[PDB]
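Read the structure below first, then the notes.
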Amino acid sequence: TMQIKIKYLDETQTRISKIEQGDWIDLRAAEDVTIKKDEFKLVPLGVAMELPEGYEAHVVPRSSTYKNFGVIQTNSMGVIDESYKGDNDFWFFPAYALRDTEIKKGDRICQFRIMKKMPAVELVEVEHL
Amino acid sequence: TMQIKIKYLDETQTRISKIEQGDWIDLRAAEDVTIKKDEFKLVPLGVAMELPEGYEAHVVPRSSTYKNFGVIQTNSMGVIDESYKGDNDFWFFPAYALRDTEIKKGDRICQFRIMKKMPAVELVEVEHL
Amino acid sequence: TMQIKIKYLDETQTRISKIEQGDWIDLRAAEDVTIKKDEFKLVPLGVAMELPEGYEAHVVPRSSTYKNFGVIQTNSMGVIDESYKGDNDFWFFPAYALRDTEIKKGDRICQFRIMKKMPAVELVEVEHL
Ligand SMILES: O=c1ccn([C@H]2C[C@H](O)[C@@H](COP(=O)(O)NP(=O)(O)OP(=O)(O)O)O2)c(=O)[nH]1
Ligand SMILES: O=c1ccn([C@H]2C[C@H](O)[C@@H](COP(=O)(O)NP(=O)(O)OP(=O)(O)O)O2)c(=O)[nH]1
Ligand SMILES: O=c1ccn([C@H]2C[C@H](O)[C@@H](COP(=O)(O)NP(=O)(O)OP(=O)(O)O)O2)c(=O)[nH]1
Ligand SMILES: [Ca+2]
Ligand SMILES: [Ca+2]
Ligand SMILES: [Ca+2]
Ligand SMILES: [Ca+2]
C-alpha cells in the first residue's frame, strides 16, 4: 500500500492512523473555534502530510457537518498538492457560518481522499475550434 | 458493461434513461419541496443504488441549480460509498435556499458520476516533514 | 502528452499556455464583474477548449478566492464535458456574492483539471436491494 507521512501540530491532536480500505478519512479541529453568523474562519486541522508522489488530496465537509455546525466550505473542495509537504504545511477547513456556531477541539469537521493528479497536457491555441 | 442496480422509491419516479456512456447523470427531486430563504431541507432524490465494488459516487449541483432552483448544496459534494446499498438507502440533495423556492417533483437539481475509491494508504506519523 | 486546443474570446485575454506537470490550472475573469451582496453572476473566463476525448474538466475556486472576492461557487465543482467544445462554448464561473465585490478583468478566480470520464455503466432497475 501507499505511504502518507503525517505530522501532528502537537501531542493533543487525535492520531488518525488505522487500516484503510479506500474510504475517505475524517479530519478534526485542532482547537475550539467560535464563528458568528456570516463570518468566516479557517478551522485548523492539526495535521501536515507528505502525500504520495504524483497525487493530490481533496477535502470536503462531512455529510452531517451542516446540521451539526451550520457551516459551509467556502472553497467548495480544497485541493492539497503533493508539494504541500513541509514541516509547517498544516491543513485547514475554510468555514463560513450561516448561524452562530462553535466547533470543539477534536470534532470531525471534514473528510479527504487522495487522487492521482491529472496527466501532462499541452494547451495549444487555435483561432477556431 | 459495469452495472449499477437501482431501486426507485416508487412507481411515480421518472426513471433514469439509457445513458450516454461516461456523462454525469442528472437526478430528480422525488417530490415537491418548499424551502424558505435561509432554510435547509433534505431534498429526496427517490433512488437507491448498489454501486460497483470499489467505486463511490459524487453528487454536485448543475451550473444552473442556483438560477433554476434557488439553492446551494450544504455538503459541497455528496460522496456515496459502495456500502450505501441497502434497500432503504435513498439518496438526497442537502439544499440551503438563498431565496424562497418551490422545487418540483422531477426537477433535475443535481448530477452524479461514479469514481474508483482511493487506493489503500497507510498513514505513518513522523516528528518532522 | 495530451493536447487541449484552446480558443480565447479575444486578443486581450491572458494566454495560459505553459509547461504542465499535473497541477491544476488557473482561469481568469474575461472582463470586470461587479456583484452585489446576495446576487449571482456567471463570471466569463474568456476561454473555450476542446478537451481530450474521453475526458472532462473540473472547476473549483482558488484557495484565496473567498478572502479576496467574497464569492462562493454555486455548483461546488463545475463539470465541463468533452462535448462542450464549440467555437462559442466559453467557460464561466458561477459566482454568488456574500458581500459586495468587484472582480477585475484578468484576475485569477478559479482553477481546473481534467479527469477521465466514468466508464460505461448499465443501470438495472431492481424491485429490492
Ligand atoms: O481547503 C483547503 C485548501 C488548501 N489548503 C492548504 C493547501 C494549500 O497549498 C495551502 C494554501 O497555500 P496557498 O495560499 O499557496 N494556496 P495554493 O497552494 O492553492 O496556491 P496556488 O494558487 O499557487 O496553486 O492550504 C488547506 O489546508 N485547505
Ligand atoms: O449529499 C449526499 C451525501 C450523502 N448521501 C447518502 C450517503 C450517506 O451514506 C448517507 C448518510 O449516511 P451517514 O449519516 O451514515 N453519513 P456517511 O455515510 O457520510 O457516514 P461516515 O461519516 O461514517 O462516512 O446519505 C446522500 O444521499 N447525499
Ligand atoms: O462551472 C461551470 C460548469 C459548467 N460550465 C459549462 C460547461 C458545461 O458543459 C455547461 C453546462 O454545465 P451543467 O451541466 O452543470 N449545467 P446544465 O445542466 O444547466 O447545462 P446543459 O443543459 O447544457 O447540460 O456549462 C462552466 O462553464 N462552468
Ligand atoms: Ca466518510
Ligand atoms: Ca443573509
Ligand atoms: Ca447538464
Ligand atoms: Ca492551484
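Here chain C follows Swiss-Prot for its numbers: 2-130, in order, are the residues you see.
Structure method, as recorded: X-ray crystallography, 1.9 Å.
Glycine too: its Cβ is placed from the backbone N, Cα and C atoms.
Copied over from Swiss-Prot:
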- C:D82: active site, proton acceptor (ACT_SITE)
- C:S64, C:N76, C:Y85, C:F93: dUTP binding site (BINDING)
Cβ neighbour count (within 10 Å, all chains shown) around C:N76 (dUTP binding site): 24
Site of maximum Cβ density within 10 Å, from binding-site residues C:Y85, C:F93: C:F93
DSSP state at the residue listed as 'active site, proton acceptor', helix/strand/coil: coil
Spatial neighbours, same chain, of C:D82 (active site, proton acceptor) - Cβ under 8 Å, 6+ residues apart: C:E57, C:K118
Annotated recorded positions C:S64, C:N76, C:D82, C:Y85, C:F93, filtered by Cβ under 6 Å to ligand 1: C:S64
Among C:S64, C:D82, C:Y85, C:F93 (the recorded positions), residues with Cβ under 8 Å to chain A, listed in sequence order: C:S64
Close-lying recorded positions around ligand 3 among C:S64, C:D82, C:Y85, where CB distance stays under 6 Å: C:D82, C:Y85
Residues C:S64, C:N76, C:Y85, C:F93 binding dUTP per the record - widest CA separation, whole Å: 26
